[PDB]
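Working notes for the structure below.
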Amino acid sequence: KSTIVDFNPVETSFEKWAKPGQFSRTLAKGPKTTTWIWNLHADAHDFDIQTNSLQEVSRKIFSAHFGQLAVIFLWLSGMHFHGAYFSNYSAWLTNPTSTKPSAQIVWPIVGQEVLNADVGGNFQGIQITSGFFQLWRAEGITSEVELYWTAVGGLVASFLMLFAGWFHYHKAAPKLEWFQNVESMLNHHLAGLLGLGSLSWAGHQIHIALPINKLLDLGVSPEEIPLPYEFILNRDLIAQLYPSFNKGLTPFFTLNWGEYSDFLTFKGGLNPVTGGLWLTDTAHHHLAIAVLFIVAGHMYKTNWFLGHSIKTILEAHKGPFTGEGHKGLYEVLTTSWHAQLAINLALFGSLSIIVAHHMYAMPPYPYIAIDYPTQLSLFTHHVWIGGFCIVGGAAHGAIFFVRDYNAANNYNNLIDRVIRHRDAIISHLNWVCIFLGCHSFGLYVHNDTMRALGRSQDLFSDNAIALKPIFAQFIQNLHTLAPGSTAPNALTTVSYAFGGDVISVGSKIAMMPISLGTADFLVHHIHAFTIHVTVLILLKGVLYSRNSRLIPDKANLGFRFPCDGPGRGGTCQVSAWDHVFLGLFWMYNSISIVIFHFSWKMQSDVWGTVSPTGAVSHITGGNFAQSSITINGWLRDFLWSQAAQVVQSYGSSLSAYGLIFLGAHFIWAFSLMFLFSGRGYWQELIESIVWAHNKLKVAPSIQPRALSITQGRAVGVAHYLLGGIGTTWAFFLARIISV
Amino acid sequence: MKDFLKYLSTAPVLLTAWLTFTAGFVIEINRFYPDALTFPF
Amino acid sequence: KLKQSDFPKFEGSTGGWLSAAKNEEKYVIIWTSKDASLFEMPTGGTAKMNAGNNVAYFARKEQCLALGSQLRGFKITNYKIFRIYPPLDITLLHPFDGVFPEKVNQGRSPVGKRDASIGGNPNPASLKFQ
Amino acid sequence: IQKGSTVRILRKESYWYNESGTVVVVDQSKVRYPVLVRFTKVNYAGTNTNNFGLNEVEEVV
Amino acid sequence: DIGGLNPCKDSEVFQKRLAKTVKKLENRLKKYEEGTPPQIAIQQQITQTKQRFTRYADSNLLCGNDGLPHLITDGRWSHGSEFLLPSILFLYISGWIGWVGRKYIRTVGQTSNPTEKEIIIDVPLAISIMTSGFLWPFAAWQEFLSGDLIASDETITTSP
Amino acid sequence: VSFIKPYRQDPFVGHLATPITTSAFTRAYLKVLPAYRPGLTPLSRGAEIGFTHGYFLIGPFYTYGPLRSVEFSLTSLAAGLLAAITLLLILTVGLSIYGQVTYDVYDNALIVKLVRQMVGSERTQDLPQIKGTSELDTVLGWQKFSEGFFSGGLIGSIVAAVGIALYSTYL
Amino acid sequence: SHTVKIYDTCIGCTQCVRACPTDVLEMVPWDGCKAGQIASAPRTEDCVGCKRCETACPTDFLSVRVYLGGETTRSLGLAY
Ligand code: CLA
Ligand code: CLA
Ligand code: CLA
Ligand code: CLA
Ligand SMILES: CC1=C(C/C=C(\C)CCC[C@H](C)CCC[C@H](C)CCCC(C)C)C(=O)c2ccccc2C1=O
Ligand code: SF4
Ligand code: SF4
Ligand code: SF4
């Protein structure tokens, strides 16, 4: 009878497994039409409509988190197992600059063995662009046995998380008060999870990754490198590489932290041997992060007369312009899972995009900057994940507004005041979007039409009307001057992208000053415009989710509904879901432009080879500066030019990329059937098909119905995203692996 | 094992098992007799 | 603070009526409440009722009727909606005969009733050029 | 026709036209559509029952 | 011969294709070492390529001017193994599938809960019906004769 | 204190009294503009608006036109001046047609009172209704407004061309 | 304004009237059904065409039918 958990709440039985739709009150009666099947999967994780108790929803969410973490652990275990058994990691360790990472071999069936490429190191397989080899090398993993043991540990951890989810749904489910301890949860997630994870990783780096990687960079082969445990039992194997361990932990406890400058450095730049960040800098960074997060975890009052109450902090932040201020926000975020999901997903996607930027900007792994496929894939993948997560955060903000928003509890607070002037916000955001689009894109079109008319001096180019990004160049200058002036204890700039020397590893450029000209001005304003339009769609969905001048009772129709009818001139897509659908489209557009800008700019003005005398030759040859300013330039010198490797991949080991290119084109075009058409035509065609089936006595008892309007839109957008992202995926991968 | 066998009798599990078996015997026919453009007879 | 004492304690929203409800028509909903309950405006956000006479103006009949439907959740039933033309031309709209349209009242005649099902409608080709 | 009888729907604008249903009750009052028929197949709106006139239903032998 | 094509056994371009593929595979084989699994895999690829080309040559297959086997599907039994025999095989298999599906639909259509037995298959009855589809050509031309294959006027029709 | 309140004590208007809509700075600044400055005939309002608009309109045409010159060119100035004048002509055409299709009044601030007093049982929209009581809201008022806009636009464009020439020559 | 017609298949279940967002439909006495009531459309000038009325109709092919016609500021749902 614990005060935090309920014991044996749900019986572990297979009876409900044999009753599909048991969770829903409407679906429990059984299918009558094929719409029931689709409704079954669309409501599976909508725990809000399955129970009327916040406690039950919270418990379901907790167990679902455990299942998701078990799935993630299984995926990581699979990655490590493939590295251990079906990879050339050992060969890549001895030749990182000449062996391509491969960790998946393809069975010899139907002639598909051509996919096993010549990745080097007496190996055949698919080249890997996830950068696991570089990460494992940065971890100090020098043998495939360690990868096998990490895979075994991942399997054990996945089983543990599965057992935890089962235990906390069926044997000991926490109570609502336990879930609502946001102060305790924040304290623990900030100190324990974040800070202690940073501290543990700093310890691992210092004791395992720092010596092993230093020996690897010195040229010591992985076979004669001591086993990682020997660096702990023997204080002399690590004190030779870093002659500060001879003093032990006495400098730490005597506040003489200057003695540890051997392995806790602040250098900046990149390791000249590997092209990645100095691992001493990384260890010092993780140590500082650990201390900062542990300190930050002692902020909120949990169980003693010590710390802050988030309710008292929010309620004190009022103002003349904001009425009641943040009063009621604590109740909103402690009684609505959707609001927490909105905030967490938005910040999580933004964090993913920031991670993507800082990855290529400052390569943190050895021999990852010179693996161009890995860098391109990591950036594009993380930016895509960030965009999807941001759209999801907007969607769940809209869901909270529709479902969990209480008008009485939010009288004259920030949420109320935002809804009260939603018109002004949306109208000014509309004006900003029109201004930004007009300018950015019409400058592009003006360049295109001036070039087409033979007026080269009328373009918005560097040798013409020039739009120099002076503000960004000022920041670039400030960073390259930071070491010794504003960061006096730095030896080198944080990233060579801001300026400095060309860093090359094995005649391949790792990082180099990224010059910003009029071409970068236009593409940056294109990014701003696309982001603003996506924000416009999502914010219009969130703010007008409850009511509008069209439908004053839109909240009574729910978050997900197709329309209110053909009246009022037509009330299609007025939902808030139909705004997360359009916003998904615009996020695809924005992220596609972002990754295109990254790919072309890097290939044209960063990546390449360096001659022995210091001459820099890039992959494309600097065509970004003069040919990325017109739409015809993007079509020809980027799309047409770099699509050559994809279309000429047939018969080679990259033929799978051409096949996926074609299939993604097919899927993207397939989406337009659902996006352009309507439900009535398909229902009436199914009518004649059903007539034929009845004529042959083969009409199913479950009456076949065309997909609902909302499901038709969802299928269309899912296929559109899959096709477009897969086309860009195949194009990028084939292009950057070939060259 | 009365409701577990009923769960295995559901449409998704049965379709997954049948399609896995179908792809399996197709792939194995194509392994043991590969590159079959015409009827063997 | 407000023009009239019977107005709900609303802080004003940029979702109210526009120049249309000054030269074409405006709609007013009146009701009496026992408690100063906090309710959501059909246009903007949260407003506070008056413990007594309450009067609200809107640009559409649908907005007033949505507010009235919300009022039913507060056990408020005596709400009445009027249409005001550009001058003070008041016309009672929603409780037209004092009884809600969902309840049958004597004195109502059927309007738009056809004495046949859908299948009895005339063929469009016979309804050409009239 | 009576309760439990099987009838064929003769109404053309019906989701169950030419199909067979089960009569739930035949009203004896002066209503226009007294015959209430229950069907196994739900229509597009989800309902599985409807009131029919005496000349819009034909009893199955 | 038929349509101006020639047998692949006497098509020079066919042998050129075989030689070029084998040469590419051997050049790939040259860059690996000893009896290592990559060399074994490439050698198996070479052997399979040679076997496939030899089988296509000795298969009554007509090759065009590009040295690729062309299919003669006009209906002649001479090239009957290209389309006609696979056509019969597919017709048998697909008729089996359709027959067992229709039989299952009609069988569980006369139970108390026909819709339940469509998402939750009656595996015993399903297995009973599925292995009975080998007589689908005979069953179809024994149910059509009895009038049990086709509905007549209980089928629904739209308004016009 | 609260700096946002319902506009004119009406919580049902689609408007708010923010520190921008109803600030003393906003009041004075909009009351010194020609469109709202007291004591101006519609012709004077149009003339001032046209002068300012032609003055700032000649700029972009001369600077970024198809016949630019990094040095001073009489042809570039003439091209910019002609483009600005033709744009003012297009704007004046728009003003003329807008006034033609919008108003049917020759003397406002009275007809409203006449139909509020002596009844307006007519086809309405001319006797009754009548949006706005300004002198700019009449057929005569808008015609003189357009005339002033057009004349002032020409004069201001010429003045700005002269100023541009003087600045480019003597500086 | 749109056109709304009521047909004698009406069973007087009132679901159309209580679904109208603009108070167009009302229940009037009748003698053609058990409930003794039939829907009426006496205020079609307020009809917006949202067709919520016939989404709540349980009769087989509807007893209330909305025919979209000429548009008006009331029928277009214009708050401006
Ligand atoms: C220092 C203590 C501590 C630590 C380390 C964590 C760590 C975590 N919590 Mg958690 N939590 C804590 C205290 C702590 N919590 C307290 C005190 C409360 C009560 C307010 C909660 C309430 C809570 C909820 C409601 C949820 C979490 C979730 C999570 C996970 C977030 C997912 C993630 O980042 O993946 C990082 C993943 C890893 C690093 C994998 C290794 C982590 C393992 C499992 C260690 C977990 C520590 C655990 C608390 C020890 C208990 C053991 C048990 C025998 C008592 C993460 C594993 C979320 C989640 O995913 O649910 C499962 C979630 O929904 N926590
Ligand atoms: C932490 C992440 C997270 C979580 C927990 C949720 C959770 C939820 N979301 Mg949500 N969402 C997210 C991210 C997340 N979402 C993101 C990133 C987006 C933007 C795209 C959305 C957009 C979104 C919408 C628009 C809606 C939800 C809804 C829901 C609720 C019901 C979900 C459900 O039943 O789906 C069950 C799961 C499925 C139906 C799976 C569908 C399969 C997907 C679409 C295709 C995946 C393809 C995959 C990549 C493989 C393709 C490869 C190909 C070759 C085969 C639930 C509370 C719905 C709701 O009603 O909320 C109350 C709703 O309407 N969400
Ligand atoms: C190439 C196709 C295309 C184009 C041009 C646009 C353009 C636009 N969309 Mg988009 N959209 C598209 C495809 C496209 N969309 C698709 C496929 C979808 C489906 C998901 C959407 C969904 C969508 C939504 C949901 C929203 C937009 C919005 C916008 C507008 C953003 C504001 C802006 O930049 O206006 C400026 C106009 C342009 C940049 C277009 C070119 C104008 C030129 C360059 C300058 C002016 C030329 C000049 C006037 C020509 C005069 C001569 C002529 C008379 C002969 C803009 C009009 C948002 C909106 O309403 O605006 C805020 C919005 O909310 N779109
Ligand atoms: C298995 C039973 C079955 C049978 C006997 C038929 C028979 C027929 N269908 Mg059909 N159909 C079925 C299932 C079936 N269908 C399913 C499951 C779907 C949904 C995808 C469709 C969708 C469909 C369409 C859209 C059309 C037909 C059409 C037709 C007719 C012409 C043949 C054709 O085009 O094939 C069409 C076959 C397919 C599109 C693929 C069917 C998918 C699989 C192979 C069938 C399902 C197998 C099932 C799971 C087996 C379970 C039984 C087991 C438990 C015992 C013919 C009356 C056409 C027509 O009206 O022409 C007169 C037409 O336009 N059907
Ligand atoms: C085709 C179409 C239909 C009909 C589509 C239907 C009935 C979907 C049928 C799906 C089948 C029955 C199952 C899926 C079969 C696929 C082969 C499985 C997916 C492939 C896997 C690899 C995922 C609609 O209902 C619709 C509704 C609204 C707008 C547009 C449309 C629309 O375009
Ligand atoms: S069906 Fe399509 S069009 Fe007709 S109302 Fe619903 S959404 Fe608008
Ligand atoms: S459309 Fe249907 S619902 Fe909307 S008002 Fe007219 S009748 Fe009532
Ligand atoms: S909808 Fe049809 S049934 Fe429901 S009330 Fe109106 S008329 Fe009677």
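Examine region A:53-64 for a residue that is more than 16 Å from ligand 4 (Cβ to nearest atom), within 14 Å of another protein chain (Cβ to nearest Cβ) and in a loop (DSSP other than H, G, I, E, B), and state whether such a residue exists. No.
Say whether the condition of being within 23 Å of residue A:323 (Cα to Cα), out of contact with any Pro (no Cβ under 9 Å at 6 or more places or on another chain) and not in a helix (DSSP H, G or I) is met by at least one residue in region C:51-66.
The initial filter retains those residues of region C:51-66 that are within 23 Å of residue A:323 (Cα to Cα), namely C:56.
From what is left, the residues that are out of contact with any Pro (no Cβ under 9 Å at 6 or more places or on another chain) are none.
No, there is no match, as no residue in region C:51-66 is within 23 Å of residue A:323 (Cα to Cα), out of contact with any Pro (no Cβ under 9 Å at 6 or more places or on another chain) and not in a helix (DSSP H, G or I).
Restricted to chain G, the set of strands (runs of 3 or more DSSP E) holding at least 2 residues that are more than 7 Å from every other protein chain (Cβ to nearest Cβ) comprises G:64-67.
Okay, residues lined up against (1) within 19 Å of the chain's Cα centre (by Cα); (2) farther than 18 Å from residue F:36 by Cα:
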{"site": "F:105", "(1), (2)": "no, yes"}
{"site": "F:109", "(1), (2)": "no, no"}
{"site": "F:121", "(1), (2)": "no, yes"}
{"site": "F:133", "(1), (2)": "yes, no"}
{"site": "F:138", "(1), (2)": "yes, no"}
{"site": "F:153", "(1), (2)": "yes, yes"}
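In region F:5-19, the count of residues that are hydrophobic (A, V, I, L, M, F, W, C) and exposed (fewer than 13 other Cβ atoms within 10 Å of the Cβ) is zero.
Can you pull out every residue in region E:16-59 that is of a type in the set (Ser, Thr, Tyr) and closer than 30 Å to residue E:70 by Cα?
Residues of region E:16-59 of a type in the set (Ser, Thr, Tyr): E:21, E:32, E:36, E:47, E:49, E:54, E:56, E:59.
Answer for region E:16-59, where residues must be of a type in the set (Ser, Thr, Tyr) and closer than 30 Å to residue E:70 by Cα: E:21, E:47, E:49, E:54, E:56, E:59.
Restricting attention to region A:99-122, the residues being at the interface with another protein chain (Cβ under 7 Å from one of its Cβ atoms) and among the hydrophobic types (A, V, I, L, M, F, W, C) number 2.
Would a scan of region A:686-705 turn up a residue that is more than 14 Å from chain E (Cβ to nearest Cβ) and either away from ligand 8 (no atom under 16 Å from the Cβ) or not in a helix (DSSP H, G or I) (or both)?
no
Restricted to region A:450-474, and to residues there that are closer than 20 Å to residue F:61 by Cα and surrounded by 15 or more Cβ atoms within 10 Å (Cβ to Cβ), the residue that is nearest to ligand 1 (Cβ to nearest atom) is A:467. Please work out if residue A:650 is in a loop (DSSP other than H, G, I, E, B) and away from ligand 5 (no atom under 14 Å from the Cβ). Yes. Here is a list: A:543, A:538, A:516. Which entry is away from chain G (no Cβ under 14 Å), within 15 Å of ligand 2 (Cβ to nearest atom), crowded, with 19+ Cβ neighbours inside 10 Å and aliphatic (A, V, I, L, M)? Residue meeting the stated conditions: A:538.
Here the condition is being of a type outside the set (S, T, N, Q) and within 22 Å of residue C:22 (Cβ to Cβ); of F:68, F:123, it holds for F:123 alone.
Does residue A:210 count as more than 16 Å from ligand 6 (Cβ to nearest atom), more than 14 Å from chain E (Cβ to nearest Cβ), surrounded by 20 or more Cβ atoms within 10 Å (Cβ to Cβ) and in a loop (DSSP other than H, G, I, E, B)? Explain how you work it out, then say what you get.
Working: more than 16 Å from ligand 6 (Cβ to nearest atom): yes; more than 14 Å from chain E (Cβ to nearest Cβ): yes; surrounded by 20 or more Cβ atoms within 10 Å (Cβ to Cβ): yes; in a loop (DSSP other than H, G, I, E, B): no.
Here the answer is no, as residue A:210 does not meet what is asked.
Looking only at region A:694-703, residues that are of a type outside the set (A, V, I, L, M, F, W, C), more than 14 Å from residue E:157 (Cβ to Cβ) and within 9 Å of ligand 4 (Cβ to nearest atom) come to 1 in all. Scanning region A:682-724 for residues that are within 23 Å of residue A:566 (Cα to Cα) and of a type in the set (S, T, N, Q) gives A:683, A:708, A:710, A:711. Return yes or no: is residue C:35 surrounded by fewer than 17 Cβ atoms within 10 Å (Cβ to Cβ), in a loop (DSSP other than H, G, I, E, B) and touching a strand residue (DSSP E or B) at 6+ places or on another chain (Cβ under 9 Å)? The answer is no for residue C:35.
Among the residues of region C:88-97, which ones are in contact with a strand residue (DSSP E or B) (Cβ under 9 Å, 6 or more places away or on another chain), in a loop (DSSP other than H, G, I, E, B) and more than 8 Å from every other protein chain (Cβ to nearest Cβ)? C:89, C:95, C:97, listed by residue number. Count, please, the residues in region E:120-146 that happen to be away from every other protein chain (no Cβ under 11 Å) and surrounded by fewer than 11 Cβ atoms within 10 Å (Cβ to Cβ). Total meeting the criteria: 5. The residues of region E:82-103 that are assigned to a helix (DSSP H, G or I), out of contact with any helix residue (DSSP H, G or I) (no Cβ under 6 Å at 6 or more places or on another chain) and among the aromatic types (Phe, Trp, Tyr), listed by number, are E:90, E:92.
Screening A:187, A:234, A:256, A:246 for residues that are in contact (Cβ under 8 Å) with a residue 12 or more places away in the chain and of a type outside the set (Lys, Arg) leaves exactly one candidate, A:187.
Pairing each residue of region C:102-122 that is facing chain G (nearest Cβ under 7 Å) with any residue that is among the aromatic types (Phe, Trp, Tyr) and assigned to a loop (DSSP other than H, G, I, E, B), provided the two are 6+ apart or on different chains, yields C-beta distances under 8 Å for C:110/G:30; C:117/G:61; C:118/G:61.
Does region A:564-581 hold any residues that are within 16 Å of ligand 5 (Cβ to nearest atom) and either acidic (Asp, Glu) or surrounded by 20 or more Cβ atoms within 10 Å (Cβ to Cβ) (or both), and which are they? Result: A:575, A:577, A:578, A:581.
Pairing residues of region A:558-573 that are under 17 Å from residue G:19 (Cα atoms) with residues that are part of a loop (DSSP other than H, G, I, E, B) and within 16 Å of ligand 5 (Cβ to nearest atom), at Cβ distances under 6 Å and at least 6 apart in sequence or on separate chains, gives A:561/A:575. Apart from one condition, residue F:46 fits all of (1) part of a loop (DSSP other than H, G, I, E, B); (2) buried (at least 20 other Cβ atoms within 10 Å of the Cβ); the exception is (1).
Scanning region A:122-171 for residues that are closer than 30 Å to residue E:43 by Cα, buried (at least 20 other Cβ atoms within 10 Å of the Cβ) and not aliphatic (A, V, I, L, M) returns A:123, A:124, A:125, A:127, A:129, A:133. Of all the criteria given as (1) of a type in the set (D, E, K, R); (2) more than 19 Å from residue A:555 (Cβ to Cβ); (3) under 18 Å from the mean Cα position of the chain (by Cα), the one not satisfied by residue C:40 is (2).
For region A:110-143, the tally of residues that are farther than 15 Å from residue A:76 by Cα, out of contact with any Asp or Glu (no Cβ under 9 Å at 6 or more places or on another chain) and outside any loop (DSSP other than H, G, I, E, B) stands at 10. Return a yes/no flag: does region G:23-32 have any residue that is touching a residue at least 40 places away in the same chain (Cβ under 8 Å) and either away from ligand 1 (no atom under 16 Å from the Cβ) or surrounded by fewer than 19 Cβ atoms within 10 Å (Cβ to Cβ) (or both). No: zero hits.
Reconstructed Cβ throughout: ideal geometry from the backbone, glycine too, with neighbour counts over all protein chains shown. Coordinate-derived values only; no laboratory data.
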